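Some notes on the structure that comes next.
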Amino acid sequence: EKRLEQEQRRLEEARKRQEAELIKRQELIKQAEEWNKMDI
Amino acid sequence: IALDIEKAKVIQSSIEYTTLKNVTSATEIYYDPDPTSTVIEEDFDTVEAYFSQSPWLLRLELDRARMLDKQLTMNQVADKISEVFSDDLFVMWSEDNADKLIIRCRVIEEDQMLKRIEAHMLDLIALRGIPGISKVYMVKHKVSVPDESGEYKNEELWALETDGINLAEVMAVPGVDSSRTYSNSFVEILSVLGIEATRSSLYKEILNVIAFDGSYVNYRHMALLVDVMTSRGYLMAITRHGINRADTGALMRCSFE
Amino acid sequence: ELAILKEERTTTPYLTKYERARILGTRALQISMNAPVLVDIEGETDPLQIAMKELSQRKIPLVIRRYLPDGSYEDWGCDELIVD
Amino acid sequence: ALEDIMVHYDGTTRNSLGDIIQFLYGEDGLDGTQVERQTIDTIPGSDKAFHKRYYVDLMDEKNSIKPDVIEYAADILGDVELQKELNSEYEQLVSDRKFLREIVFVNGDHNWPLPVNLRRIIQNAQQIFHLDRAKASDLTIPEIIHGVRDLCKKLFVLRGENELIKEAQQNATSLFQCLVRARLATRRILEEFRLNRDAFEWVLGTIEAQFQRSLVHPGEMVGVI
Amino acid sequence: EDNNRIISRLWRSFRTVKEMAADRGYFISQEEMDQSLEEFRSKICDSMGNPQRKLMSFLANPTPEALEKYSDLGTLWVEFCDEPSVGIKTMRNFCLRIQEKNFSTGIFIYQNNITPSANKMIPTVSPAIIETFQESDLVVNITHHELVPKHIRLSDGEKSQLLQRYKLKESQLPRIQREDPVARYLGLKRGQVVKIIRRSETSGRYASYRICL
């Protein structure tokens, strides 16, 4: 059970990191879409 | 696809190079001044049914047997000719139910020009398949794969072996395991997959040559040889043009050749 | 500069067969040229046999200098190299 | 083409210019004459056979070490720390099986030339110490585990405390360590070979010494060979 | 029909480019990595199904791990070119776009071929780096081949540690060409070292190093 708890903690940490990186990524996606619209 | 013979045959047909010359049985040139009719009585029915520029008629008869064997369509051949010649030639093709599969063409002193165009047609009209792959064979391979219980059990799978090499194009064909396509010409392997793949392929070829007659040579010797041949970033042939083009001492190099 | 300190010596601690052969040859030649013998000789007369007897007892007064590819070297005494 | 290539004192294989051909001769640093065909025991067989051969359970009585082969069979059942040690050993074995079966030898071939013949060493120990008879061994499980674990760290191909040197040293003996752990498992030692203590230290010392003797000698002209 | 196969090949090239950008250290969202073929047709193909290469251009920034390990990693701009043949004008305007938006690295994927004049202005785009790939050779990801081991670019500190450990000079390492397919996949610049961890039948695992040219 101790091993399972540690595994769950690490999984939650990884999930938080992925969410933060996705939040950062969406800004770049928006900028890219705006610039591609500008080129058109 | 590996475990199904029908899909494997479909892939084999899709890969092999086939040109118009492969299926063409004979070609002929006729004089016919009426674009809306013809002089030949045999082809008169088909052309009149179709109808319901230069007078020089260029026709050619396709072998029905091989045309069927290559799983081709008269419409496909006509479309290929039209694509390669745009609208510079008016093309009519007989139906599949005709006694002889024929296709007629017309230009929109030209006899020599027509002969040259016919030669070019027989030369470089590509119907389907990867260029450079002359022949393809179906081969059964025995592979030992762990079972659901972890036991290793033999298994038979279908694979293709070709004549001629085009690694980059064949790797891109859908239905082909692009992560395992292999060639016995490591120059192409170097041009496609890099230098480490060239090292592995070179070792495999050398081991194949040595071990064909049942002989065994320790791994480290062949490893050293293929590490020497590929240590400069490119294949260094074991000749004067490979060895003597190094930075070694002049006295050492002059003692060889 | 080029010499490597005794504490940082990283080569093998064993006497390679080439080093063993060269050491035996040099010691045999030196004995044949009337060098002092550092072990007691019972009844032996062959210089090579005396050299082998000296080597087995770690009494050969020679030093191996092992040259690294960059030019630096390590000095190993034949009395501190392990011999099979 | 290959004349001026020689194994140097740092283990690398270089030509006359000093250019590196290999970072370790034969990728393991061994001599061509000191290797033999051996079978790695963790590769073949079904999962059930592997589990039966290598797993040891100290809680279930009928899935434990037989009591007639060990003197201390009374105070073994129910121990949890010793079970932790056994579980670590079995996890190491499973990792070795996965590494060999999925990366190195995908086709499952398990007969490969490797240094120091283990079968010969074991039968020599059995003949030397008279390991016949139904006598019970006095070799405790922690001694087996710690001895094999320490042995797998004394197979020096490269000397030095550098981190990159340690990584190369660990890489150079992966297959051989897999072989050693496959042969010198706890269950196999206690049941199949029935070694006692003295035989066990003799086997460990012999393995280490023979491995040291099977390395390549600096100054080999391996290119000409 | 042929439109379907063209779209499929374009989708495969897009997936390969995204994988390449991920390998070089930049961050690509997991949802974008698994962006399937039907979604690609929905987003790119028009009413007649024709694709626009201009809608596929994207941007990426290095992950914190890659940024920490490699301090020279900037922003990456990847653009597909509509023109089947690229000339001096198109390369010049691409260079202008890179310079005005101060991108560290720009990848320019063309369709058929690149004129020699366009090739002659690639080295003069400093300090930004412009790398060109053909569409045909990106259909298959070569780094997923069986014969191709894993190449990892070494940082400057690791390269220094390597040269100190072996007491080497840069000319004494095994070499890898700059036009080598894996070298172009990793965007190797002259003087950089890749570590290759390789299968070995004598020791299991063997790590080799090569230096670019």
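Labeling convention for the structure tokens: chains A, B, ... as they appear, residues from 1 per chain, ligands from 1 in order of appearance.
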
With a distance threshold of 9 Å and counting only C-alpha atoms, extract the residues of chain E near chain A and express them as a PyMOL selection string.
chain E and resi 27-30+54-61+63

Excluding same-chain residues fewer than 4 positions from range 123-136 of chain B, what lies within 12 Å of it counting only C-alpha atoms, as a ChimeraX atom specification?
/B:8-24,67,70-85,116-119,159-173

Selection near residue 189 in chain D, 9 Å with only C-alpha atoms, sequence-local residues under 6 positions removed, as an MDAnalysis selection string
chainID D and resid 144 183 195:196 200

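Here CA of residue 253 in chain B stands at a distance of 9.9 Å from CA of residue 1 in chain D.
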
With only C-alpha atoms considered, list every residue of chain B at most 8 Å from chain E, as a ChimeraX atom specification.
/B:168,171-172,178-180,191-197,200-201,219,231-234

Do you know which residues are at most 8 Å from residue 48 in chain C counting only C-alpha atoms, after dropping those on the same chain fewer than 3 positions away, and could you put them as a tab-separated table (two decimals) with C-alpha atoms, in the first residue's frame?
```
chain	number	residue	atom	x	y	z
C	24	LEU	CA	62.23	-12.38	-18.99
C	25	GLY	CA	64.29	-11.75	-22.12
C	27	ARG	CA	66.67	-10.19	-17.41
C	28	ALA	CA	68.14	-13.28	-19.08
C	51	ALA	CA	65.22	-15.07	-14.77
C	52	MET	CA	62.03	-17.10	-14.37
```

Among the residues E:195, E:169, E:205, E:153, the one that comes closest to chain C [using only C-alpha atoms]
E:169

Output as a tab-separated table one row per residue of chain E within 10 Å of chain C: the closest atom pair and its distance in Å to one decimal place, counting only C-alpha atoms, sorted by chain and residue number ascending.
```
residue	atom	partner	partner_atom	distance
E:166	CA	C:70	CA	9.2
E:167	CA	C:70	CA	6.5
E:168	CA	C:70	CA	7.4
E:169	CA	C:70	CA	9.3
```

Resulting file, chosen residues, N, CA and C atoms, as an mmCIF file, in the first residue's frame:
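Heads up, here's the output in out01.cif:
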```cif
data_model
loop_
_atom_site.group_PDB
_atom_site.id
_atom_site.type_symbol
_atom_site.label_atom_id
_atom_site.label_comp_id
_atom_site.auth_asym_id
_atom_site.auth_seq_id
_atom_site.Cartn_x
_atom_site.Cartn_y
_atom_site.Cartn_z
ATOM 1 N N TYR E 166 38.840 10.115 -22.246
ATOM 2 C CA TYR E 166 39.638 9.344 -23.190
ATOM 3 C C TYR E 166 40.947 10.019 -23.559
ATOM 4 N N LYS E 167 41.192 11.233 -23.072
ATOM 5 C CA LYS E 167 42.380 12.010 -23.420
ATOM 6 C C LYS E 167 42.521 12.114 -24.937
ATOM 7 N N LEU E 168 41.489 12.678 -25.549
ATOM 8 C CA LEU E 168 41.330 12.688 -26.992
ATOM 9 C C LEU E 168 41.475 14.093 -27.552
ATOM 10 N N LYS E 169 41.554 14.144 -28.875
ATOM 11 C CA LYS E 169 41.344 15.349 -29.654
ATOM 12 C C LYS E 169 40.129 15.119 -30.539
#
```

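One finds CA of residue 208 in chain D at 14.4 Å from CA of residue 120 in chain D.
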
Taking the backbone alone, and naming residues the way the document does, which bits of range 28-156 of chain B are alpha helix (DSSP H) by DSSP, as a ChimeraX atom specification?
/B:44-51,64-69,74-85,111-124

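Residues in contact with range 63-72 of chain D at up to 8 Å, not including ones fewer than 3 positions away on its chain and judged by only C-alpha atoms, are residues 56, 57, 58, 59, 60, 75, 76, 134, 135, 136, 137, 138, 139, 140, 187, 190, 191 and 194 of chain D.
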
Put those residues in a file: N, CA, C and O atoms, as a short mmCIF file (atom, residue, chain, number, x, y, z; two decimals), in the first residue's frame.
```
data_model
loop_
_atom_site.label_atom_id
_atom_site.label_comp_id
_atom_site.auth_asym_id
_atom_site.auth_seq_id
_atom_site.Cartn_x
_atom_site.Cartn_y
_atom_site.Cartn_z
N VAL D 56 11.09 -18.15 -4.99
CA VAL D 56 11.13 -18.76 -3.67
C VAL D 56 10.18 -17.99 -2.77
O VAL D 56 10.28 -16.77 -2.64
N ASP D 57 9.26 -18.71 -2.13
CA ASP D 57 8.24 -18.12 -1.27
C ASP D 57 8.45 -18.62 0.15
O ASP D 57 8.40 -19.83 0.40
N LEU D 58 8.68 -17.70 1.08
CA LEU D 58 8.94 -18.05 2.47
C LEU D 58 7.69 -18.04 3.34
O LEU D 58 7.78 -18.36 4.53
N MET D 59 6.54 -17.68 2.78
CA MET D 59 5.28 -17.70 3.52
C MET D 59 4.51 -18.99 3.29
O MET D 59 4.09 -19.64 4.26
N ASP D 60 4.32 -19.38 2.04
CA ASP D 60 3.69 -20.66 1.74
C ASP D 60 4.69 -21.78 1.94
O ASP D 60 5.83 -21.70 1.46
N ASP D 75 13.68 -21.84 11.19
CA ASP D 75 13.55 -20.41 11.43
C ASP D 75 13.62 -19.59 10.14
O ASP D 75 14.15 -18.47 10.15
N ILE D 76 13.11 -20.13 9.04
CA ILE D 76 13.04 -19.42 7.78
C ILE D 76 11.63 -18.95 7.48
O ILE D 76 11.42 -17.79 7.12
N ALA D 134 22.87 -36.74 1.09
CA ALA D 134 21.69 -35.95 1.43
C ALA D 134 21.94 -34.97 2.56
O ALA D 134 20.97 -34.48 3.16
N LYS D 135 23.20 -34.66 2.85
CA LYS D 135 23.52 -33.74 3.93
C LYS D 135 22.93 -32.36 3.65
O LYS D 135 22.87 -31.92 2.50
N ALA D 136 22.49 -31.69 4.71
CA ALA D 136 21.88 -30.38 4.58
C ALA D 136 22.96 -29.30 4.54
O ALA D 136 23.96 -29.38 5.25
N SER D 137 22.74 -28.30 3.69
CA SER D 137 23.69 -27.21 3.55
C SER D 137 23.62 -26.26 4.74
O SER D 137 22.59 -26.12 5.40
N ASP D 138 24.74 -25.59 5.00
CA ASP D 138 24.83 -24.57 6.03
C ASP D 138 24.96 -23.17 5.45
O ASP D 138 25.45 -22.26 6.12
N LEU D 139 24.53 -22.99 4.20
CA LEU D 139 24.70 -21.74 3.48
C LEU D 139 23.42 -20.93 3.61
O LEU D 139 22.40 -21.28 3.01
N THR D 140 23.47 -19.85 4.38
CA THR D 140 22.29 -19.02 4.58
C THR D 140 21.96 -18.24 3.32
O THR D 140 22.83 -17.92 2.51
N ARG D 187 17.53 -20.61 -5.35
CA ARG D 187 16.90 -21.92 -5.42
C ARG D 187 17.81 -22.93 -6.11
O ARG D 187 17.94 -24.07 -5.65
N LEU D 190 20.75 -23.87 -3.72
CA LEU D 190 20.40 -24.67 -2.56
C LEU D 190 19.87 -26.05 -2.95
O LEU D 190 20.11 -27.02 -2.23
N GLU D 191 19.18 -26.16 -4.08
CA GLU D 191 18.52 -27.41 -4.46
C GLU D 191 19.24 -28.15 -5.58
O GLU D 191 19.54 -29.33 -5.44
N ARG D 194 23.34 -27.86 -4.55
CA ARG D 194 23.55 -28.27 -3.16
C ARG D 194 24.93 -27.89 -2.65
O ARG D 194 25.58 -28.64 -1.93
#
```

Would you pick out the contacts of residue 91 in chain D at 12 Å or less, using only C-alpha atoms, so that residues sharing its chain but fewer than 5 positions from it are not included, and give the list as a VMD selection string?
chain D and resid 51 54 to 56 84 to 86 96 to 98 181

Write out the residues from the selection above, keeping N, CA and C atoms, as a short mmCIF file (atom, residue, chain, number, x, y, z; two decimals), in the first residue's frame.
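Below is the file selection.cif, written as the result:
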```cif
data_model
loop_
_atom_site.label_atom_id
_atom_site.label_comp_id
_atom_site.auth_asym_id
_atom_site.auth_seq_id
_atom_site.Cartn_x
_atom_site.Cartn_y
_atom_site.Cartn_z
N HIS D 51 9.06 -19.21 -13.41
CA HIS D 51 8.63 -18.96 -12.04
C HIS D 51 8.92 -20.15 -11.14
N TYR D 54 12.82 -20.27 -10.47
CA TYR D 54 13.53 -19.19 -9.80
C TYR D 54 12.82 -18.59 -8.59
N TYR D 55 11.51 -18.71 -8.48
CA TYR D 55 10.79 -18.06 -7.39
C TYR D 55 10.89 -18.86 -6.10
N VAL D 56 11.09 -18.15 -4.99
CA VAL D 56 11.13 -18.76 -3.67
C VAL D 56 10.18 -17.99 -2.77
N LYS D 84 11.95 -9.95 1.58
CA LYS D 84 12.25 -8.75 0.80
C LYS D 84 13.50 -8.96 -0.05
N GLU D 85 14.53 -9.57 0.53
CA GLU D 85 15.74 -9.86 -0.23
C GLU D 85 15.45 -10.79 -1.40
N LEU D 86 14.69 -11.85 -1.15
CA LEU D 86 14.35 -12.79 -2.22
C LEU D 86 13.54 -12.11 -3.31
N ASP D 96 16.31 -8.98 -16.01
CA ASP D 96 17.27 -9.59 -16.92
C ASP D 96 16.57 -10.35 -18.03
N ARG D 97 15.53 -11.10 -17.69
CA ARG D 97 14.79 -11.85 -18.70
C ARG D 97 14.18 -10.91 -19.73
N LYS D 98 13.56 -9.82 -19.27
CA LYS D 98 12.96 -8.86 -20.19
C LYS D 98 14.01 -8.21 -21.08
N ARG D 181 23.90 -14.46 -12.82
CA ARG D 181 22.69 -14.44 -12.00
C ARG D 181 21.73 -15.55 -12.39
#
```

Which residues of range 91-208 of chain E come within 12 Å of range 155-162 of chain D, and what is each one's closest atom pair and distance in Å (one decimal), counting only C-alpha atoms, sorted by chain and residue number, as CSV?
```
residue,atom,partner,partner_atom,distance
E:161,CA,D:162,CA,9.7
E:162,CA,D:162,CA,10.5
E:164,CA,D:162,CA,10.5
E:165,CA,D:162,CA,7.8
E:166,CA,D:162,CA,11.0
E:203,CA,D:157,CA,11.7
```

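Taking CA of residue 118 in chain D as the reference point, CA of residue 41 in chain D is found at 11.8 Å.
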